[PDB]
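Undergrad: Protein chains in written order, with the authors' numbering: chain H, 6 to 40, 55 to 82, 93 to 166, 171 to 208; chain F, 5 to 40, 55 to 81, 93 to 166, 170 to 208; chain A, 389 to 543, 590 to 815; chain D, 397 to 547, 596 to 819; chain B, 397 to 550, 596 to 820; chain C, 389 to 543, 592 to 815.
Sharing a structure here in structure tokens format.
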Amino acid sequence: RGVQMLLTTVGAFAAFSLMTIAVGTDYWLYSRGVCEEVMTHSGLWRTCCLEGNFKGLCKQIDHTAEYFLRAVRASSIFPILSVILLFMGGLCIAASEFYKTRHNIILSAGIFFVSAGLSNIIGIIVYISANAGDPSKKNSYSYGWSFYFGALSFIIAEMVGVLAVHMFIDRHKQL
Amino acid sequence: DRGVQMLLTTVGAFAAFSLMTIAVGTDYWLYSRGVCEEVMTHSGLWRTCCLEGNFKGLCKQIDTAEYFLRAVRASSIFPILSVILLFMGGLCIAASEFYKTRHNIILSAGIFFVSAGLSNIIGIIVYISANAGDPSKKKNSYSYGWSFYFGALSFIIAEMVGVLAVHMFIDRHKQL
Amino acid sequence: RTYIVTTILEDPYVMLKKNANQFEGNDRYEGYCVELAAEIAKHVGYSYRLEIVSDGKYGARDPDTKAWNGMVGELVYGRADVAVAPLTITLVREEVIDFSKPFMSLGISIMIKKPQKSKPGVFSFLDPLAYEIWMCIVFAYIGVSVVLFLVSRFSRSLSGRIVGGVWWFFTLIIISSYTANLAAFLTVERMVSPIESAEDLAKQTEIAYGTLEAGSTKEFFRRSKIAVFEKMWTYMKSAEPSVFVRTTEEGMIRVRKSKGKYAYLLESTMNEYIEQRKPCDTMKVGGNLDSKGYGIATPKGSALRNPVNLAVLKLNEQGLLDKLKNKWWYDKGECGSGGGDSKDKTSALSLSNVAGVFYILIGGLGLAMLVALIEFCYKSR
Amino acid sequence: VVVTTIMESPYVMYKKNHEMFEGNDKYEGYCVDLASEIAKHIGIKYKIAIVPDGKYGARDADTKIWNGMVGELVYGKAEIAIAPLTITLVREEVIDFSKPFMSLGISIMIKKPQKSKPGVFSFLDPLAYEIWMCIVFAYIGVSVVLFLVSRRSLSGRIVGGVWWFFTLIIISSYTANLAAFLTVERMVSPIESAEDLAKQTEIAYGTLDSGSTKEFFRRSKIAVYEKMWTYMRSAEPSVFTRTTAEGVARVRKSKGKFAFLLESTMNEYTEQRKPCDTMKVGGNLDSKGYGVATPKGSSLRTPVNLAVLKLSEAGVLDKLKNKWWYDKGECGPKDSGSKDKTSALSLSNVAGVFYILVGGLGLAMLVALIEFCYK
Amino acid sequence: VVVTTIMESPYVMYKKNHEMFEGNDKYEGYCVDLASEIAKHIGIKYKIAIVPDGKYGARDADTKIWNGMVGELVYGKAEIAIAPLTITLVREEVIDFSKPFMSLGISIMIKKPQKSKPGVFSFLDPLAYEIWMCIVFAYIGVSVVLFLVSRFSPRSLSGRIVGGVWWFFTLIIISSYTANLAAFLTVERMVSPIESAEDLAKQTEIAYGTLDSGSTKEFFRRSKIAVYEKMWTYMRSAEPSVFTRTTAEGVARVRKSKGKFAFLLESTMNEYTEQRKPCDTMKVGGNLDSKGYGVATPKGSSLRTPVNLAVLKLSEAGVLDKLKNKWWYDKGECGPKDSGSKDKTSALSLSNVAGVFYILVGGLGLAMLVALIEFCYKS
Amino acid sequence: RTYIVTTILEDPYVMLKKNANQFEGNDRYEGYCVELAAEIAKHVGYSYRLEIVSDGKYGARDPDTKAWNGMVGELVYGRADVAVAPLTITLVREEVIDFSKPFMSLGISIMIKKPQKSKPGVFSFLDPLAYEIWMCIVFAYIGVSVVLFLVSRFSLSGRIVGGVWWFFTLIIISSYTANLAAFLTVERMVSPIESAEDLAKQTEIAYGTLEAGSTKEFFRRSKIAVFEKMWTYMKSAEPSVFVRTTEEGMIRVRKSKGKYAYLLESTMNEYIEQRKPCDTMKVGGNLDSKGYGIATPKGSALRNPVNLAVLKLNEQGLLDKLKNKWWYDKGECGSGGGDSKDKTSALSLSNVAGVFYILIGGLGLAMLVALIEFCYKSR
Ligand SMILES: O=c1[nH]c2cc(C(F)(F)F)c(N3CCOCC3)cc2n(CP(=O)(O)O)c1=O
Ligand SMILES: O=c1[nH]c2cc(C(F)(F)F)c(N3CCOCC3)cc2n(CP(=O)(O)O)c1=O
Ligand SMILES: O=c1[nH]c2cc(C(F)(F)F)c(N3CCOCC3)cc2n(CP(=O)(O)O)c1=O
Ligand SMILES: O=c1[nH]c2cc(C(F)(F)F)c(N3CCOCC3)cc2n(CP(=O)(O)O)c1=O
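Right under this line is the structure:
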């Protein structure tokens, strides 16, 4: 009953916090690039060097069908729509837990959660395609658990979505 | 369509007997070219004999996981099993046509029909595996004789009389 | 005064005109060298009357008799000043007379018979599993069908499950075999490469090759010291079949008879002409083995040695030599008018070899719709 | 006797031990070895000299003075020209040339053809488009005949069996083709492989500012070089290169880039240099030659002509070219091809199916929403 | 100067049939050209003797009369003899010998097999052996766990998980099998069941026979190493008459049949038969012994030192290996096509696919027997 | 009277005794050469005293500015009787002194490091793909599962989802099968190095020898076409010989991880095959034919008995027995003293073990969640 409501509410709140720490620091990928195989930590909009003679010197970064994919990778509209969709879903579940008289808002919020998972999977697959589509000529493919808690956000969003669907079924049976 | 189906089943059994006699009486089992020099010879299990050449008239036959297959190919138990099971099925259907009061005989006859299909299909597969194993060389080979076609016709007529006999066995037991 | 030029007609230089004797003689001559001679006569100005060679030969050194023959033999023994007919350059030719410039660059070419691609129809569909086992799986399918029908009607059951499992195992094993075999055919047909250069021809053994005895190619190969050409000559020495041929035409018709494995290694111009011939039965690959050249022939101390040098250099610089080569080697050719007729090289399974499954698919749906109509009209009765 | 020689990369090198000796045996390569060979063939005392002009010799046609090796020969300062020089009509009435010993012509070289890395076309590489929308046609035919027979039976079993067998043959052919493609990894030469195949393509082509190439391209009547000239003139002004170093720096940057249209000498020299990445020759165009020069009134002209002709016919310059052009190389992979590691498939070769599946799921949930809305 | 050689050797031959370059320079081969090469160094007069005796050279105890080339040498009719002499003791106390120009050693002979066409073993050849009943054990485990799950609490999540993991299992096992079978069919590697002389003694499945009488038979009977004692004890129990009378009979017998009747012979004759018209031979390498072929002179003289220095200086110089290589590898056309030919596609015949056909047909047969039995007995 | 013999301290022939000083005199060294000397002294009959050469080098007969070294110089100087030692037969040594017989055949071997690849477990399961590919396949499984669940609970969207999932797993299975087949048939078509023409054809593994010596003289005076090509390839010397002595080259080859090769004598290779740790093997045959010998004076009475005794011992086979026991009994290896690895291709439960492990793990997870379901039924 209300225990699952509390569970999905705290799951959504943890999803928002995990989302903002995902779209916060730029600790996404570790590569042996050049500030020589020097180790730098790369994110989305900025990349700096954690060791070497250029300590403290941080620089900005960027980037028919291939043009569309690289434009999507550079603009990163997929995470923007994902986080906007997640925030709208959170506002909808806040309204649902505030306004008990509304019926279709639970099904709507489940739809927003499933589409948030959809946005997450398309964003992660376009990110791997973008950063592996340039092989050029060892340990260049290293991960700093960023995609690991991205996967955690994905699975918790899927869990709260299926819980919302199940409780829509329950509340329609109770009607 | 009941009496005409009886007629179809007994005609199919008689045709199966005729094809079995033709197969066991076949001399042109396969069109294999060779020496009696490579010239066309009519390979026969009982008498492998030639049609073209200066030696026409006198002729002689062909002969753990490999000994058994060679032994059962040389002994040729497959035609014996085929004719025995076909004769058993034909006698069963003839007795069923003679006396109708028994109903297990036609199910039994279907059993001999499907086991005769079993026997002649395993005979076909063992014969093809036996005569296809010649890796010593022969640019042109295969070109199989009509005996394989007659055996296939016997197999298909046996399976169709078997399914028809089983189906109307279940029927005639149902309205009984 | 007038001047005469000695030319030899083999191909395609001093070919006679279509009207033959209906013309006035000298004015009936079309080809490469005669047009070049007319042009270089127009550049400086002299009579370009055509003469007839005596024996039809090109000329060779005969120190035993100290004699001469061919165009060079006619030119050395007076009554000749310009030899327009192209000829190879040896040491004795430069020793007895002098050449000005080579008007073209050419050499020994290595050739191969052109393969033909003929994708079959439904035959390629049952190709990768022989002939008899398609029959075997057809009666295996009807056998598993009759067993399933009898166990369904005669009786979820345990006996049905084992039959279904062994049928499933059968399907997966035989289709794994078909996939492995088809991958084998595709890979084997794919890693092979056409012959090229001379060293790849040297490692190859079953392809075989040979050249004529009465030619400069055999002398070049015998006197060569290149290790690759040393291997060429050492294999050519151990020749059990009748590899050698006397003339070009017999060797070429013998090649066209076999057309599976041979190489003759003849001069570049003749190979190009055969490439532009209606048989269309060969492909040219690789480059020139040597750096032989042609040239014009003049006697010593003649007044037509420097003007012909400037004339041939003017033709070389202006590109009119390339114009004549294109006109008389590609425009007049009846074969290979569009040289780039097959250059996409799309190496993939197209519709020309996999259409057998589509044909049996259409046939199976045809039989399915006829038996459905038979069932429908049986119901309607 | 004294001979001039210009400093060039295929022909003469400064020795690593510069202090070994100043004079005769101070340089190595093709040109000095050819000079030594012809000196041994004829018999003469020869030295080594370097022209102080730095040019190859071209008539300025305004002050009427000849420079370079031809100018040194004309102005009574040299008699032998072992340095290679192309034969030209203008440089024939002022200097006499020998018979050419090297054949060269205008050639094509292209950048290194690497493996393709597409996003969608990688899935499209096996089979072809025609087979695939024929699969679509077969699928819609199966759907419509199933809907026809719908309105346990023999027909259903037959259609299911033939559909299963059909998709079975499709998966097997697809798997065999893809396995062959991964096993062979055979590279395909680009479109720029012939003169015309270079003509209709969209790849930008570049050349030097002035030289033999520009002189040949000033006048043309072939109606294909006219098309090439119109393509060059209508392109960007970056086509012209002041120095070949800037051109090679441009062509090593992009896959298409500005491809050169030059003679084969630098092509065959750079196919086996220290950066073994480009080793492409394509076809051959035009015809040129390289020969030695001799001023008029000199009796050694005939001797050197016979010497170079004999050396070319019995064969010693081909040996020198093979030893110092192919055998002398930083890498051995150009002469004989090698293999490479197959490595992992990554995702860029299989990224096509992922997008199709996720878009299919998305469109499924949209059409489910539309079905809810309309009902 | 008279020099002699044997004619019944694969080193000399008659040019054409008759009247082909008649004279001293009539025969061609390794031996005559080597003799000419060593004659051109010191400057001796080359000639031909080729006197036959029916034997290569021996010393009977009761006759005490030497025969062959050594018999000609001891009594005296020539001063230089180049012939394939295996230098041993009893010929060494009579006349001297020079440094051998080539190695020797007994090498085993086996006919090279072409391909294998087994039955059930062809089916079981790819993947492995223990994997098959590993899958059948796994299948039994999945079946029993599914039945106990259904009986305990009758799909849900557990059914979905077990179905998915079984689907993953079947896809991965078929992918591995297809990959292995494709790798087998695209290219093949040949290793042969024979590898070494120790493995030859260990296998005890192929018949071995050296010769009726000769150097090989004498070495086998007078051997001392324990593995050769095992080989000799195997030779004692020789039922199918493996005592080959002649070397031609042995190679003719081993050419027809490859499953048994292996031949024992020296490396020279084995390598000569490697390049002969049937073109079907195989050797594993390794020489059991170490002899050589050398020239001999009657006692000691000035020609002894000259021929010894001549043959030695030819041994360090690259000319004897030149002659050996060019002769043996250019009159034999089989070895020109080195390694193998990739133009052998063929197709999957019945013999290597019929095993699963037998399994299917037996499975359906025993299935309908057990079905009829259980329906007749349970009711 | 007494006789003196000389021997050089060498690893395969002479043992430096650990007890040493407590057993002095004739029993100071043990090994092949001194046992040969003892056997031939027992055969001929005399007293032999061991000696050590002053320079400790093999020496040569090069016509330098006098001062000849080695056993040949020590014997031509007159202060020697016999010299049994490992010595290479050459014309400059033969010019003043003769040798008895070649008792051992020497060839040129090629150094190849031992190819050992331990098969991994679960890592080899994920080998013919990428880690992000497996992340994406599990993500797509979760996605298709949740779409199927929502379309089942909402209620042909379910049919089209099933169809696109079938198409997706169709492509995934086909791609994985193709990749695994490609990897396995690439691993199958590898070519091990045999003889010299394979080395000249591969042009990928660096090969070199000592700067001077018999091998360098053979390479400098090479005339075999493939050996001439190899000599011209090594004449570029882009990585050079990169060697100083035998052990330095051995260390370099071992540390090169199979990317470097060395051409040393077959005797040294056979000795280092078992004494060293098992990381190199002998492949192919002898690149040249050469032998050994025992130095004897040209005009002494000890010239014929030494030849007779050494040839008798060679024919008897006790020399072969002694060599075999000394080179196999005291060997720190198991390549020849034990069974080798049989090449049977196929698999041996190496890469498919990890997928079996995840199979059992998935069945375990399924049965535990079914246990959770049954305990939830208990309630
Ligand atoms: O000056 C010479 N010019 C030659 C020109 C050609 C041709 F190609 F036809 F133009 C040929 N053909 C080569 C191919 O087979 C037919 C004859 C031979 C020539 N030869 C004799 P080769 O070069 O000794 O055979 C000369 O001597
Ligand atoms: O006979 C001639 N032979 C030439 C040979 C070469 C080279 F390929 F390097 F060997 C060159 N290079 C062109 C590119 O820049 C470096 C020099 C120029 C030559 N030129 C002058 P062009 O008029 O500029 O061709 C001649 O006249
Ligand atoms: O002097 C001799 N030189 C020999 C040379 C050879 C060989 F070179 F191999 F041809 C052989 N082969 C032995 C194997 O069968 C073929 C002949 C025998 C020789 N024998 C007789 P053995 O006593 O049987 O060695 C001699 O006496
Ligand atoms: O007479 C000679 N006998 C030799 C005997 C041997 C060996 F048997 F191996 F001990 C060797 N080894 C070569 C490999 O490294 C270790 C020394 C060298 C010898 N050398 C000098 P080479 O000219 O370098 O062969 C001679 O001169």
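Heads up, the beta-carbon is just placed ideally off N, CA and C, and yes, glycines get one too.
Just by C-beta distance, which residues in the region 668 to 702 of chain B are closer than 8 Å to chain A?
TA: none
Undergrad: How big is the Cα-Cα spacing for C:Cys769 and B:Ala689?
TA: 42 Å
Undergrad: I'd like to know if C:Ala471 contacts chain A, where contact means its C-beta is closer than 8 Å to some C-beta of that chain.
TA: no
Undergrad: Suppose you measure from the CA of F:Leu208 to the CA of F:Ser137; what does that come to, to the nearest Å?
TA: 18 Å
Undergrad: Less than 8 Å between the beta carbons of A:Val393 and A:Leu438, yes or no?
TA: In this structure, A:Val393 sits near A:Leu438, with a CB-CB distance shorter than 8 Å.
Undergrad: Comparing the CB of D:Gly691 with every heavy atom of ligand 2, is any distance shorter than 7 Å?
TA: D:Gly691: no, Cβ never under 7 Å from ligand 2.
Undergrad: For D:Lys508, which option in D:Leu500, D:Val683, D:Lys701 has the closest C-alpha, if you only look at C-alpha atoms?
TA: D:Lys701
Undergrad: What are the partner residues of H:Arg65, as DSSP defines its beta bridges?
TA: H:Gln79
Undergrad: State yes or no: is the C-beta of A:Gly649 nearer than 7 Å to some heavy atom of ligand 1?
TA: yes
Undergrad: Going along chain A in order, which residues have a C-beta closer than 9 Å to the C-beta of C:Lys665?
TA: In chain order: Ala661.
Undergrad: Between H:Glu95 and chain D, is any beta-carbon pair separated by less than 8 Å?
TA: yes
Undergrad: H:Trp178 to D:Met409, Cα distance in whole Å?
TA: 56 Å
Undergrad: How would you list, in chain order, the residues of chain C whose beta-carbon sits under 7 Å from the beta-carbon of A:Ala617?
TA: Here the neighbours are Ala617.
Undergrad: Would you report the Cα separation of B:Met465 and B:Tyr734, rounded to the nearest angstrom?
TA: 13 Å
Undergrad: Relative to the C-alpha of H:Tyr96, which residue among H:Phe21, H:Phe18, H:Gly162, H:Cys121 is closest?
TA: H:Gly162
Undergrad: Quick one: is B:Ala795 near chain F, going by C-beta distance under 8 Å?
TA: yes
Undergrad: Who does A:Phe663 pair with in a DSSP beta bridge?
TA: DSSP lists no partner for A:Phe663.
Undergrad: Just to confirm, is the Cβ distance from residue 584 of chain A to A:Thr716 under 8 Å?
TA: You won't find residue 584 of chain A in this model, because chain A goes from 543 right to 590.
Undergrad: Excluding sequence positions up to five away, which residues of its chain have a Cβ less than 6 Å from the Cβ of residue 821 of chain B?
TA: Outside the shown range of chain B, which is 397 to 820, sits residue 821 of chain B, and nothing can be said about it.
Undergrad: Would you say the beta carbon of A:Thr668 is closer than 7 Å to some non-hydrogen atom of ligand 3?
TA: No, the beta carbon of A:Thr668 sits no closer than 7 Å to any heavy atom of ligand 3.
Undergrad: Under a three-way DSSP split, which group does B:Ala703 fall into?
TA: The answer is strand: DSSP assigns B:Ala703 an E or B state.
Undergrad: Contact between the region 402 to 416 of chain C and the region 447 to 465 of chain C is defined here as three or more beta-carbon pairs at a separation below 8 Å; is this criterion met?
TA: no
Undergrad: Please name the residue, chosen from C:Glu623, C:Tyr698, C:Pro675, that lies closest to C:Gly644 on a Cα-to-Cα basis.
TA: The option with the nearest alpha carbon to C:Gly644 is C:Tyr698.
Undergrad: For the structure I just gave you, are there three or more beta carbon pairs, one from the region 483 to 497 of chain B and one from the region 740 to 755 of chain B, closer than 8 Å?
TA: The region 483 to 497 of chain B makes contact with the region 740 to 755 of chain B, as at least three CB pairs between them are under 8 Å.
Undergrad: Figure out for me which residue from B:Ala435, B:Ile504, B:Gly803 has the closest Cα to the Cα of B:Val725.
TA: B:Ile504
Undergrad: Taking the continuous alpha helix (DSSP H) assigned at C:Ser631, which residues delimit it?
TA: Here C:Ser631 belongs to no alpha helix (DSSP H), and DSSP marks it neither H nor E.
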